[PDB]
Protein chains: 2
Amino acid sequence: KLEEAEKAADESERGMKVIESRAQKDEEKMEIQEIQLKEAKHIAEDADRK
Amino acid sequence: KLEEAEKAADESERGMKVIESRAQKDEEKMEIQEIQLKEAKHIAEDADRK
């Protein structure tokens, strides 16, 4: 049961590492896409201002 | 150790679910900011075009 509970922790932790690494990749990509959106929008606003 | 391993199962699994929720929020924000980046770039393209 300790192996099952610890394995549930270890496997859910690996699950977590993959989806936390995914959250990190999605977070970095969303920040990049958000900064690029802010800039593409700021370019659009700058182009609208122009 | 089993109680702590079950608490770790809960924390690594709750972690995995909080991270899955965060990864989903960051994935949706990634997907929302890339779709809206493509739109913000098309607005920049339209803003530059107009």
# chains A, B, ... in the order shown; residues from 1 in each chain; ligands from 1
$ interface_residues --of "chain B" --to "chain A" --cutoff "6 Å" --atoms "only C-alpha atoms" --output "ChimeraX atom specification"
/B:2,5-6,8-9,12-13,16,19,23,26-27,29-30,33-34,37,40-41,43-44,47-48
$ calpha_fit_rmsd --fixed "chain B" --moving "chain A"
1.5 Å
$ decode --residues "range 1-26 of chain A" --atoms "N, CA, C and O atoms" --output "PDB file, in the first residue's frame"
ATOM      1  N   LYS A   1       0.797  -1.219   0.000  1.00  0.00           N
ATOM      2  CA  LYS A   1       0.000   0.000   0.000  1.00  0.00           C
ATOM      3  C   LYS A   1       0.827   1.265   0.000  1.00  0.00           C
ATOM      4  O   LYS A   1       0.449   2.265  -0.598  1.00  0.00           O
ATOM      5  N   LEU A   2       1.970   1.266   0.705  1.00  0.00           N
ATOM      6  CA  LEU A   2       2.964   2.312   0.673  1.00  0.00           C
ATOM      7  C   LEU A   2       3.553   2.459  -0.708  1.00  0.00           C
ATOM      8  O   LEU A   2       3.585   3.562  -1.228  1.00  0.00           O
ATOM      9  N   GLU A   3       3.936   1.344  -1.374  1.00  0.00           N
ATOM     10  CA  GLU A   3       4.326   1.339  -2.772  1.00  0.00           C
ATOM     11  C   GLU A   3       3.196   1.824  -3.661  1.00  0.00           C
ATOM     12  O   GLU A   3       3.422   2.672  -4.496  1.00  0.00           O
ATOM     13  N   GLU A   4       1.929   1.397  -3.490  1.00  0.00           N
ATOM     14  CA  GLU A   4       0.793   1.932  -4.237  1.00  0.00           C
ATOM     15  C   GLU A   4       0.513   3.414  -4.021  1.00  0.00           C
ATOM     16  O   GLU A   4       0.288   4.148  -4.973  1.00  0.00           O
ATOM     17  N   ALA A   5       0.529   3.899  -2.762  1.00  0.00           N
ATOM     18  CA  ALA A   5       0.348   5.288  -2.391  1.00  0.00           C
ATOM     19  C   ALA A   5       1.489   6.179  -2.860  1.00  0.00           C
ATOM     20  O   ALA A   5       1.266   7.236  -3.444  1.00  0.00           O
ATOM     21  N   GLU A   6       2.746   5.733  -2.648  1.00  0.00           N
ATOM     22  CA  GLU A   6       3.955   6.370  -3.115  1.00  0.00           C
ATOM     23  C   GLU A   6       4.056   6.319  -4.618  1.00  0.00           C
ATOM     24  O   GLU A   6       4.395   7.293  -5.256  1.00  0.00           O
ATOM     25  N   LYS A   7       3.706   5.190  -5.265  1.00  0.00           N
ATOM     26  CA  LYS A   7       3.588   5.074  -6.707  1.00  0.00           C
ATOM     27  C   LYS A   7       2.498   5.937  -7.296  1.00  0.00           C
ATOM     28  O   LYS A   7       2.683   6.517  -8.357  1.00  0.00           O
ATOM     29  N   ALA A   8       1.337   6.067  -6.621  1.00  0.00           N
ATOM     30  CA  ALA A   8       0.303   7.026  -6.952  1.00  0.00           C
ATOM     31  C   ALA A   8       0.839   8.443  -6.860  1.00  0.00           C
ATOM     32  O   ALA A   8       0.642   9.225  -7.772  1.00  0.00           O
ATOM     33  N   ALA A   9       1.597   8.783  -5.790  1.00  0.00           N
ATOM     34  CA  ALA A   9       2.330  10.031  -5.698  1.00  0.00           C
ATOM     35  C   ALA A   9       3.390  10.192  -6.791  1.00  0.00           C
ATOM     36  O   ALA A   9       3.364  11.190  -7.481  1.00  0.00           O
ATOM     37  N   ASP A  10       4.277   9.208  -7.041  1.00  0.00           N
ATOM     38  CA  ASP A  10       5.352   9.182  -8.017  1.00  0.00           C
ATOM     39  C   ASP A  10       4.859   9.274  -9.464  1.00  0.00           C
ATOM     40  O   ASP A  10       5.380  10.027 -10.282  1.00  0.00           O
ATOM     41  N   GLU A  11       3.810   8.500  -9.810  1.00  0.00           N
ATOM     42  CA  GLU A  11       3.149   8.522 -11.095  1.00  0.00           C
ATOM     43  C   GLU A  11       2.311   9.759 -11.315  1.00  0.00           C
ATOM     44  O   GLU A  11       2.390  10.395 -12.357  1.00  0.00           O
ATOM     45  N   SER A  12       1.522  10.193 -10.310  1.00  0.00           N
ATOM     46  CA  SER A  12       0.824  11.477 -10.364  1.00  0.00           C
ATOM     47  C   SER A  12       1.775  12.647 -10.403  1.00  0.00           C
ATOM     48  O   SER A  12       1.493  13.612 -11.099  1.00  0.00           O
ATOM     49  N   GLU A  13       2.924  12.583  -9.691  1.00  0.00           N
ATOM     50  CA  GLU A  13       4.050  13.499  -9.775  1.00  0.00           C
ATOM     51  C   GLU A  13       4.699  13.482 -11.139  1.00  0.00           C
ATOM     52  O   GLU A  13       5.004  14.517 -11.699  1.00  0.00           O
ATOM     53  N   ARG A  14       4.931  12.325 -11.781  1.00  0.00           N
ATOM     54  CA  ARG A  14       5.342  12.293 -13.177  1.00  0.00           C
ATOM     55  C   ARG A  14       4.322  12.824 -14.153  1.00  0.00           C
ATOM     56  O   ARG A  14       4.675  13.548 -15.077  1.00  0.00           O
ATOM     57  N   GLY A  15       3.032  12.480 -13.950  1.00  0.00           N
ATOM     58  CA  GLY A  15       1.885  13.079 -14.615  1.00  0.00           C
ATOM     59  C   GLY A  15       1.942  14.571 -14.542  1.00  0.00           C
ATOM     60  O   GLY A  15       1.955  15.238 -15.572  1.00  0.00           O
ATOM     61  N   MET A  16       2.080  15.079 -13.296  1.00  0.00           N
ATOM     62  CA  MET A  16       2.338  16.449 -12.901  1.00  0.00           C
ATOM     63  C   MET A  16       3.574  17.030 -13.550  1.00  0.00           C
ATOM     64  O   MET A  16       3.466  18.065 -14.148  1.00  0.00           O
ATOM     65  N   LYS A  17       4.746  16.358 -13.570  1.00  0.00           N
ATOM     66  CA  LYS A  17       5.930  16.839 -14.269  1.00  0.00           C
ATOM     67  C   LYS A  17       5.698  17.048 -15.749  1.00  0.00           C
ATOM     68  O   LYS A  17       6.098  18.045 -16.317  1.00  0.00           O
ATOM     69  N   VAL A  18       5.018  16.099 -16.426  1.00  0.00           N
ATOM     70  CA  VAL A  18       4.680  16.259 -17.829  1.00  0.00           C
ATOM     71  C   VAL A  18       3.719  17.405 -18.065  1.00  0.00           C
ATOM     72  O   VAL A  18       3.926  18.206 -18.972  1.00  0.00           O
ATOM     73  N   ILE A  19       2.660  17.543 -17.241  1.00  0.00           N
ATOM     74  CA  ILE A  19       1.675  18.595 -17.420  1.00  0.00           C
ATOM     75  C   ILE A  19       2.058  19.925 -16.787  1.00  0.00           C
ATOM     76  O   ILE A  19       1.456  20.944 -17.131  1.00  0.00           O
ATOM     77  N   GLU A  20       3.041  19.973 -15.874  1.00  0.00           N
ATOM     78  CA  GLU A  20       3.706  21.134 -15.317  1.00  0.00           C
ATOM     79  C   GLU A  20       4.741  21.617 -16.287  1.00  0.00           C
ATOM     80  O   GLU A  20       4.823  22.795 -16.577  1.00  0.00           O
ATOM     81  N   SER A  21       5.523  20.701 -16.901  1.00  0.00           N
ATOM     82  CA  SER A  21       6.356  21.021 -18.058  1.00  0.00           C
ATOM     83  C   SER A  21       5.517  21.478 -19.226  1.00  0.00           C
ATOM     84  O   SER A  21       5.906  22.372 -19.954  1.00  0.00           O
ATOM     85  N   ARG A  22       4.339  20.869 -19.461  1.00  0.00           N
ATOM     86  CA  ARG A  22       3.348  21.388 -20.387  1.00  0.00           C
ATOM     87  C   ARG A  22       2.793  22.734 -19.963  1.00  0.00           C
ATOM     88  O   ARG A  22       2.767  23.635 -20.780  1.00  0.00           O
ATOM     89  N   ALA A  23       2.411  22.934 -18.679  1.00  0.00           N
ATOM     90  CA  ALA A  23       1.979  24.209 -18.138  1.00  0.00           C
ATOM     91  C   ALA A  23       3.041  25.263 -18.321  1.00  0.00           C
ATOM     92  O   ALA A  23       2.716  26.316 -18.788  1.00  0.00           O
ATOM     93  N   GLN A  24       4.327  24.944 -18.051  1.00  0.00           N
ATOM     94  CA  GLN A  24       5.478  25.778 -18.331  1.00  0.00           C
ATOM     95  C   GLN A  24       5.632  26.106 -19.815  1.00  0.00           C
ATOM     96  O   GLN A  24       5.781  27.258 -20.181  1.00  0.00           O
ATOM     97  N   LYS A  25       5.532  25.121 -20.734  1.00  0.00           N
ATOM     98  CA  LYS A  25       5.579  25.356 -22.177  1.00  0.00           C
ATOM     99  C   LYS A  25       4.409  26.176 -22.703  1.00  0.00           C
ATOM    100  O   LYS A  25       4.586  27.058 -23.535  1.00  0.00           O
ATOM    101  N   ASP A  26       3.183  25.877 -22.221  1.00  0.00           N
ATOM    102  CA  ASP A  26       1.948  26.585 -22.481  1.00  0.00           C
ATOM    103  C   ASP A  26       1.992  27.984 -21.877  1.00  0.00           C
ATOM    104  O   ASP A  26       1.529  28.925 -22.513  1.00  0.00           O
TER     105      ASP A  26
END
